[PDB]
file upload30.cif (mmCIF, C-alpha atoms and all ligand atoms)
data_model
loop_
_atom_site.group_PDB
_atom_site.id
_atom_site.type_symbol
_atom_site.label_atom_id
_atom_site.label_comp_id
_atom_site.auth_asym_id
_atom_site.auth_seq_id
_atom_site.Cartn_x
_atom_site.Cartn_y
_atom_site.Cartn_z
ATOM 1 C CA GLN X 920 -23.205 54.356 -8.272
ATOM 2 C CA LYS X 921 -26.722 53.102 -7.523
ATOM 3 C CA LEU X 922 -26.696 50.718 -10.490
ATOM 4 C CA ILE X 923 -23.301 49.317 -9.480
ATOM 5 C CA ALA X 924 -24.425 48.834 -5.876
ATOM 6 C CA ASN X 925 -27.612 47.071 -6.981
ATOM 7 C CA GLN X 926 -25.636 44.838 -9.346
ATOM 8 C CA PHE X 927 -23.193 43.927 -6.572
ATOM 9 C CA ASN X 928 -26.014 43.093 -4.157
ATOM 10 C CA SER X 929 -27.816 40.991 -6.770
ATOM 11 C CA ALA X 930 -24.578 39.171 -7.608
ATOM 12 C CA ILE X 931 -23.963 38.353 -3.941
ATOM 13 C CA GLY X 932 -27.531 37.067 -3.659
ATOM 14 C CA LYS X 933 -27.038 34.913 -6.749
ATOM 15 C CA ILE X 934 -23.803 33.567 -5.250
ATOM 16 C CA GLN X 935 -25.493 32.544 -2.004
ATOM 17 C CA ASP X 936 -28.403 30.990 -3.909
ATOM 18 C CA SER X 937 -26.050 29.004 -6.153
ATOM 19 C CA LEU X 938 -24.033 27.810 -3.156
ATOM 20 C CA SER X 939 -27.202 26.681 -1.374
ATOM 21 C CA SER X 940 -28.645 24.946 -4.444
ATOM 22 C CA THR X 941 -25.423 23.362 -5.756
ATOM 23 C CA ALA X 942 -24.330 20.699 -3.271
ATOM 24 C CA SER X 943 -21.415 19.681 -5.529
ATOM 25 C CA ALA X 944 -19.914 23.188 -5.691
ATOM 26 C CA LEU X 945 -17.595 22.407 -2.752
ATOM 27 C CA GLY X 946 -16.510 19.070 -4.226
ATOM 28 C CA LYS X 947 -12.923 20.281 -4.536
ATOM 29 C CA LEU X 948 -12.824 20.770 -0.755
ATOM 30 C CA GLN X 949 -14.674 17.558 0.118
ATOM 31 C CA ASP X 950 -12.137 15.743 -2.072
ATOM 32 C CA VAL X 951 -9.218 16.064 0.366
ATOM 33 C CA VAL X 952 -11.332 14.828 3.281
ATOM 34 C CA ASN X 953 -12.571 11.930 1.149
ATOM 35 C CA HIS X 954 -9.026 10.906 0.218
ATOM 36 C CA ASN X 955 -7.858 11.132 3.834
ATOM 37 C CA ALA X 956 -10.778 9.079 5.157
ATOM 38 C CA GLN X 957 -10.464 6.469 2.405
ATOM 39 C CA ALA X 958 -6.708 6.131 2.943
ATOM 40 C CA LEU X 959 -7.250 5.671 6.681
ATOM 41 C CA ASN X 960 -9.957 3.066 6.063
ATOM 42 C CA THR X 961 -7.732 1.203 3.605
ATOM 43 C CA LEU X 962 -4.868 1.224 6.111
ATOM 44 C CA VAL X 963 -7.253 -0.217 8.707
ATOM 45 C CA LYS X 964 -8.455 -2.855 6.240
ATOM 46 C CA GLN X 965 -4.891 -4.027 5.554
ATOM 47 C CA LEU X 966 -4.688 -5.489 9.065
ATOM 48 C CA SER X 967 -7.218 -8.179 8.119
ATOM 49 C CA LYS K 535 -15.108 -7.288 34.588
ATOM 50 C CA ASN K 536 -14.481 -3.572 34.032
ATOM 51 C CA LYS K 537 -10.714 -4.105 34.299
ATOM 52 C CA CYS K 538 -7.953 -4.589 31.737
ATOM 53 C CA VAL K 539 -7.119 -8.299 32.019
ATOM 54 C CA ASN K 540 -5.388 -10.899 29.858
ATOM 55 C CA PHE K 541 -8.220 -13.183 28.732
ATOM 56 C CA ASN K 542 -8.137 -16.615 27.072
ATOM 57 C CA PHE K 543 -11.690 -16.974 25.739
ATOM 58 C CA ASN K 544 -12.357 -20.334 24.073
ATOM 59 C CA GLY K 545 -8.803 -20.329 22.739
ATOM 60 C CA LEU K 546 -8.914 -16.606 21.902
ATOM 61 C CA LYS K 547 -6.105 -14.734 23.665
ATOM 62 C CA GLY K 548 -6.048 -10.972 24.078
ATOM 63 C CA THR K 549 -6.044 -8.014 26.436
ATOM 64 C CA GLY K 550 -8.854 -5.558 27.035
ATOM 65 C CA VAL K 551 -11.805 -4.503 29.165
ATOM 66 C CA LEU K 552 -14.777 -6.867 29.469
ATOM 67 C CA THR K 553 -18.136 -5.095 29.748
ATOM 68 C CA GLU K 554 -21.753 -6.188 29.459
ATOM 69 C CA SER K 555 -22.851 -6.042 25.827
ATOM 70 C CA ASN K 556 -25.818 -3.982 24.638
ATOM 71 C CA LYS K 557 -25.937 -5.624 21.181
ATOM 72 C CA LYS K 558 -28.360 -8.533 20.775
ATOM 73 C CA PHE K 559 -26.656 -11.534 19.210
ATOM 74 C CA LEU K 560 -29.018 -14.018 17.624
ATOM 75 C CA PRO K 561 -29.127 -17.383 19.430
ATOM 76 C CA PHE K 562 -26.958 -19.100 16.804
ATOM 77 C CA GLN K 563 -24.223 -16.426 16.952
ATOM 78 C CA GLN K 564 -21.323 -16.911 19.361
ATOM 79 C CA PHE K 565 -18.584 -14.500 18.207
ATOM 80 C CA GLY K 566 -18.508 -10.913 16.924
ATOM 81 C CA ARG K 567 -16.111 -9.085 14.610
ATOM 82 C CA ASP K 568 -15.389 -5.399 14.057
ATOM 83 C CA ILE K 569 -13.768 -3.745 11.046
ATOM 84 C CA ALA K 570 -10.443 -5.265 9.947
ATOM 85 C CA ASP K 571 -11.389 -8.660 11.441
ATOM 86 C CA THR K 572 -11.012 -7.360 15.002
ATOM 87 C CA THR K 573 -12.795 -9.253 17.780
ATOM 88 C CA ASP K 574 -15.300 -6.817 19.299
ATOM 89 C CA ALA K 575 -17.565 -9.127 21.326
ATOM 90 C CA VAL K 576 -17.771 -12.754 22.424
ATOM 91 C CA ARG K 577 -20.122 -14.895 24.502
ATOM 92 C CA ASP K 578 -19.047 -16.829 27.580
ATOM 93 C CA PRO K 579 -18.721 -20.587 26.889
ATOM 94 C CA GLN K 580 -19.624 -21.308 30.532
ATOM 95 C CA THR K 581 -22.598 -18.930 30.867
ATOM 96 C CA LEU K 582 -23.403 -17.884 27.257
ATOM 97 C CA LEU U 727 -8.868 26.161 -2.767
ATOM 98 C CA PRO U 728 -7.833 23.605 -0.114
ATOM 99 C CA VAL U 729 -5.404 24.852 2.518
ATOM 100 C CA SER U 730 -4.727 21.989 4.968
ATOM 101 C CA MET U 731 -5.176 18.271 5.604
ATOM 102 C CA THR U 732 -6.164 16.252 8.663
ATOM 103 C CA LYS U 733 -3.279 16.046 11.132
ATOM 104 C CA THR U 734 -2.814 12.287 11.548
ATOM 105 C CA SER U 735 -0.595 10.497 14.068
ATOM 106 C CA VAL U 736 -0.005 6.736 13.986
ATOM 107 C CA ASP U 737 1.079 4.574 16.923
ATOM 108 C CA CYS U 738 2.912 2.055 14.768
ATOM 109 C CA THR U 739 3.588 -0.446 17.552
ATOM 110 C CA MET U 740 -0.124 -0.739 18.358
ATOM 111 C CA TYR U 741 -1.001 -1.026 14.661
ATOM 112 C CA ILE U 742 1.604 -3.700 13.907
ATOM 113 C CA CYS U 743 1.483 -5.740 17.122
ATOM 114 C CA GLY U 744 -1.575 -4.538 19.034
ATOM 115 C CA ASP U 745 -1.485 -6.036 22.520
ATOM 116 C CA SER U 746 1.172 -8.663 21.694
ATOM 117 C CA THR U 747 4.242 -8.018 23.845
ATOM 118 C CA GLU U 748 6.428 -10.557 22.028
ATOM 119 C CA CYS U 749 5.661 -8.925 18.677
ATOM 120 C CA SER U 750 6.602 -5.535 20.135
ATOM 121 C CA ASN U 751 9.876 -7.002 21.399
ATOM 122 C CA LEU U 752 10.570 -8.429 17.941
ATOM 123 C CA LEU U 753 9.627 -5.119 16.293
ATOM 124 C CA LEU U 754 12.488 -3.414 18.133
ATOM 125 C CA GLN U 755 14.833 -5.551 16.011
ATOM 126 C CA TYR U 756 13.931 -3.744 12.769
ATOM 127 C CA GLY U 757 15.651 -0.443 13.603
ATOM 128 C CA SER U 758 14.172 3.053 13.302
ATOM 129 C CA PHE U 759 11.129 2.341 11.119
ATOM 130 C CA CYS U 760 9.017 3.845 13.905
ATOM 131 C CA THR U 761 11.048 7.032 14.156
ATOM 132 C CA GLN U 762 11.051 7.956 10.462
ATOM 133 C CA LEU U 763 7.305 7.444 10.031
ATOM 134 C CA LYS U 764 6.491 9.362 13.215
ATOM 135 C CA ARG U 765 8.807 12.204 12.186
ATOM 136 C CA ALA U 766 7.174 12.391 8.754
ATOM 137 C CA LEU U 767 3.700 12.542 10.300
ATOM 138 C CA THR U 768 4.756 15.244 12.774
ATOM 139 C CA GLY U 769 6.326 17.204 9.935
ATOM 140 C CA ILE U 770 3.083 16.969 7.969
ATOM 141 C CA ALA U 771 1.083 18.194 10.969
ATOM 142 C CA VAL U 772 3.349 21.201 11.504
ATOM 143 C CA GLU U 773 3.111 21.617 7.726
ATOM 144 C CA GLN U 774 -0.674 21.981 7.871
ATOM 145 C CA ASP U 775 -0.447 24.418 10.776
HETATM 146 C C1 LIG J 1 -20.973 -26.439 34.276
HETATM 147 O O1 LIG J 1 -20.627 -27.582 35.065
HETATM 148 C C2 LIG J 1 -20.843 -27.396 36.472
HETATM 149 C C3 LIG J 1 -20.343 -28.645 37.159
HETATM 150 O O2 LIG J 1 -20.857 -29.818 36.542
HETATM 151 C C4 LIG J 1 -22.320 -27.119 36.738
HETATM 152 O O3 LIG J 1 -22.505 -26.859 38.126
HETATM 153 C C5 LIG J 1 -22.790 -25.925 35.918
HETATM 154 O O4 LIG J 1 -24.195 -25.754 36.069
HETATM 155 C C6 LIG J 1 -22.458 -26.131 34.444
HETATM 156 N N1 LIG J 1 -22.840 -24.962 33.666
HETATM 157 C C7 LIG J 1 -23.476 -25.041 32.493
HETATM 158 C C8 LIG J 1 -23.790 -23.736 31.827
HETATM 159 O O5 LIG J 1 -23.782 -26.118 31.990
#
call {"tool": "encode", "arguments": {"input": "upload30.cif", "output": "structure tokens", "more": "lines below"}}
Ligand SMILES: *[C@@H]1O[C@H](CO)[C@@H](O)[C@H](O)[C@H]1NC(C)=O
result
Amino acid sequence: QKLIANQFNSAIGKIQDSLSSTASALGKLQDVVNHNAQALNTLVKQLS
Amino acid sequence: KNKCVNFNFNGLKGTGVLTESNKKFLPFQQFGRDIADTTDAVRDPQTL
Amino acid sequence: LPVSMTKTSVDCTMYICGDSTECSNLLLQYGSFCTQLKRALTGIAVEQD
């Protein structure tokens, strides 16, 4: 039990550290916002 | 000023609110543009 | 995993004609292009919710 608990805690710490260090980890979620913003900008640009 | 009015500025027709500008045009500039070729600012031909 | 988009609404008359009243009058002549686009956008917003 103690070993499993320690492993779980260490894994959660590694997860938070990886999330903090890796700025591109959430790229899949930034992608939708990027598409929406770019589509809106392109629609605006079409007026010119 | 500070009222929605139909303006005919130097041949430019439109509707909007005229307010004092806080952006410093260079002396040679006399007409501003926003994104999508939208007129954002203009200088008075009679008072500059 | 993404779960929703940005709920976007478009005022087509302002986009197409802006402040031009004559253009807006002429735009009425095209039919229900406004209504279908607005309905699709509203459906997408309720979709995200
Ligand atoms: C415009 O003309 C009027 C009448 O000649 C004059 O009083 C006024 O000073 C002029 N304004 C400019 C900016 O030249």
call {"tool": "resolve_selection", "arguments": {"input": "upload30.cif", "expression": "the PyMOL selection byres (((chain K and resi 554-561) around 12) and not hetatm)", "output": "list in words"}}
result
residues 535, 536, 551, 552, 553, 562, 563, 564, 565, 566, 567, 574, 575, 576, 577, 578 and 582 of chain K
call {"tool": "write_last_selection", "arguments": {"input": "upload30.cif", "atoms": "C-alpha atoms", "output": "short mmCIF file (atom, residue, chain, number, x, y, z; two decimals), keeping the file's coordinate frame"}}
result
data_model
loop_
_atom_site.label_atom_id
_atom_site.label_comp_id
_atom_site.auth_asym_id
_atom_site.auth_seq_id
_atom_site.Cartn_x
_atom_site.Cartn_y
_atom_site.Cartn_z
CA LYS K 535 -15.11 -7.29 34.59
CA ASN K 536 -14.48 -3.57 34.03
CA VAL K 551 -11.80 -4.50 29.16
CA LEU K 552 -14.78 -6.87 29.47
CA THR K 553 -18.14 -5.10 29.75
CA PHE K 562 -26.96 -19.10 16.80
CA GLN K 563 -24.22 -16.43 16.95
CA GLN K 564 -21.32 -16.91 19.36
CA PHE K 565 -18.58 -14.50 18.21
CA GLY K 566 -18.51 -10.91 16.92
CA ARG K 567 -16.11 -9.09 14.61
CA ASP K 574 -15.30 -6.82 19.30
CA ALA K 575 -17.57 -9.13 21.33
CA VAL K 576 -17.77 -12.75 22.42
CA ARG K 577 -20.12 -14.90 24.50
CA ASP K 578 -19.05 -16.83 27.58
CA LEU K 582 -23.40 -17.88 27.26
#
call {"tool": "residues_near_ligand", "arguments": {"input": "upload30.cif", "ligand": "ligand LIG 1 (chain J)", "cutoff": "8 Å", "atoms": "only C-alpha atoms and all ligand atoms", "output": "MDAnalysis selection string"}}
result
chainID K and resid 579:582
call {"tool": "write_last_selection", "arguments": {"input": "upload30.cif", "atoms": "C-alpha atoms", "output": "compact mmCIF listing (two decimals), in the coordinates of the input"}}
result
# COMPACT_ATOMS: atom_id res chain seq x y z
CA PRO K 579 -18.72 -20.59 26.89
CA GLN K 580 -19.62 -21.31 30.53
CA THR K 581 -22.60 -18.93 30.87
CA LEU K 582 -23.40 -17.88 27.26
call {"tool": "atom_distance", "arguments": {"input": "upload30.cif", "atom1": "CA of residue 766 in chain U", "atom2": "CA of residue 958 in chain X"}}
result
16.3 Å
call {"tool": "closest_atom_pairs", "arguments": {"input": "upload30.cif", "of": "chain X", "to": "chain K", "cutoff": "12 Å", "atoms": "all atoms listed in the file", "output": "Markdown table"}}
result
| residue | atom | partner | partner_atom | distance |
| --- | --- | --- | --- | --- |
| X:959 | CA | K:570 | CA | 11.9 |
| X:960 | CA | K:570 | CA | 9.2 |
| X:961 | CA | K:570 | CA | 9.5 |
| X:962 | CA | K:570 | CA | 9.4 |
| X:963 | CA | K:570 | CA | 6.1 |
| X:964 | CA | K:570 | CA | 4.8 |
| X:965 | CA | K:570 | CA | 7.2 |
| X:966 | CA | K:570 | CA | 5.8 |
| X:967 | CA | K:570 | CA | 4.7 |
call {"tool": "resolve_selection", "arguments": {"input": "upload30.cif", "expression": "the PyMOL selection byres ((chain U) within 10 of (chain K))", "output": "list in words"}}
result
residues 744, 745 and 746 of chain U
call {"tool": "residues_around", "arguments": {"input": "upload30.cif", "residues": "residue 763 in chain U", "least_positions_apart": "5", "cutoff": "12 Å", "atoms": "all atoms listed in the file", "output": "ChimeraX atom specification"}}
result
/U:734-739,758,768-770
call {"tool": "interface_residues", "arguments": {"input": "upload30.cif", "of": "chain X", "to": "chain U", "cutoff": "8 Å", "atoms": "only C-alpha atoms", "output": "ChimeraX atom specification"}}
result
/X:947-948,951-952,955
call {"tool": "axis_aligned_box", "arguments": {"input": "upload30.cif", "around": "range 573-581 of chain K", "padding_each_side": "6 Å", "output": "lines of an AutoDock Vina configuration file"}}
result
center_x = -17.7
center_y = -14.1
center_z = 24.3
size_x = 21.8
size_y = 26.5
size_z = 25.1
call {"tool": "atom_distance", "arguments": {"input": "upload30.cif", "atom1": "CA of residue 573 in chain K", "atom2": "CA of residue 539 in chain K"}}
result
15.4 Å
call {"tool": "atom_distance", "arguments": {"input": "upload30.cif", "atom1": "CA of residue 541 in chain K", "atom2": "CA of residue 760 in chain U"}}
result
28.4 Å
call {"tool": "decode", "arguments": {"input": "upload30.cif", "residues": "range 947-962 of chain X", "atoms": "N, CA and C atoms", "output": "mmCIF file, in the first residue's frame"}}
result
data_model
loop_
_atom_site.group_PDB
_atom_site.id
_atom_site.type_symbol
_atom_site.label_atom_id
_atom_site.label_comp_id
_atom_site.auth_asym_id
_atom_site.auth_seq_id
_atom_site.Cartn_x
_atom_site.Cartn_y
_atom_site.Cartn_z
ATOM 1 N N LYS X 947 -3.613 20.627 -28.652
ATOM 2 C CA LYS X 947 -4.876 20.131 -29.184
ATOM 3 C C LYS X 947 -6.043 21.019 -28.776
ATOM 4 N N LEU X 948 -5.968 21.635 -27.596
ATOM 5 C CA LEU X 948 -7.033 22.513 -27.129
ATOM 6 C C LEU X 948 -6.873 23.943 -27.621
ATOM 7 N N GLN X 949 -5.637 24.422 -27.768
ATOM 8 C CA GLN X 949 -5.416 25.719 -28.397
ATOM 9 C C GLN X 949 -5.801 25.703 -29.869
ATOM 10 N N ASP X 950 -5.850 24.518 -30.480
ATOM 11 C CA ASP X 950 -6.077 24.417 -31.918
ATOM 12 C C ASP X 950 -7.464 24.929 -32.295
ATOM 13 N N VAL X 951 -8.490 24.572 -31.519
ATOM 14 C CA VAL X 951 -9.847 25.002 -31.850
ATOM 15 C C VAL X 951 -9.962 26.518 -31.749
ATOM 16 N N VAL X 952 -9.387 27.101 -30.695
ATOM 17 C CA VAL X 952 -9.415 28.553 -30.544
ATOM 18 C C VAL X 952 -8.674 29.214 -31.697
ATOM 19 N N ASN X 953 -7.540 28.637 -32.101
ATOM 20 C CA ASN X 953 -6.778 29.207 -33.208
ATOM 21 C C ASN X 953 -7.585 29.181 -34.498
ATOM 22 N N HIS X 954 -8.239 28.052 -34.791
ATOM 23 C CA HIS X 954 -9.072 27.990 -35.989
ATOM 24 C C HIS X 954 -10.207 29.001 -35.929
ATOM 25 N N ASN X 955 -10.877 29.117 -34.782
ATOM 26 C CA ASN X 955 -11.988 30.059 -34.685
ATOM 27 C C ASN X 955 -11.511 31.490 -34.908
ATOM 28 N N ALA X 956 -10.421 31.875 -34.240
ATOM 29 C CA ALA X 956 -9.910 33.235 -34.380
ATOM 30 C C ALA X 956 -9.458 33.509 -35.806
ATOM 31 N N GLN X 957 -8.763 32.553 -36.425
ATOM 32 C CA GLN X 957 -8.288 32.753 -37.789
ATOM 33 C C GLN X 957 -9.443 32.836 -38.777
ATOM 34 N N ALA X 958 -10.479 32.013 -38.598
ATOM 35 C CA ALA X 958 -11.647 32.100 -39.465
ATOM 36 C C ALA X 958 -12.338 33.448 -39.316
ATOM 37 N N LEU X 959 -12.478 33.934 -38.080
ATOM 38 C CA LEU X 959 -13.088 35.244 -37.880
ATOM 39 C C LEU X 959 -12.258 36.343 -38.534
ATOM 40 N N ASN X 960 -10.935 36.288 -38.367
ATOM 41 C CA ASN X 960 -10.073 37.294 -38.979
ATOM 42 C C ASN X 960 -10.185 37.257 -40.496
ATOM 43 N N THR X 961 -10.202 36.056 -41.074
ATOM 44 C CA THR X 961 -10.323 35.932 -42.521
ATOM 45 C C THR X 961 -11.659 36.478 -43.006
ATOM 46 N N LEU X 962 -12.738 36.203 -42.270
ATOM 47 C CA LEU X 962 -14.034 36.768 -42.629
ATOM 48 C C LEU X 962 -13.994 38.289 -42.585
#
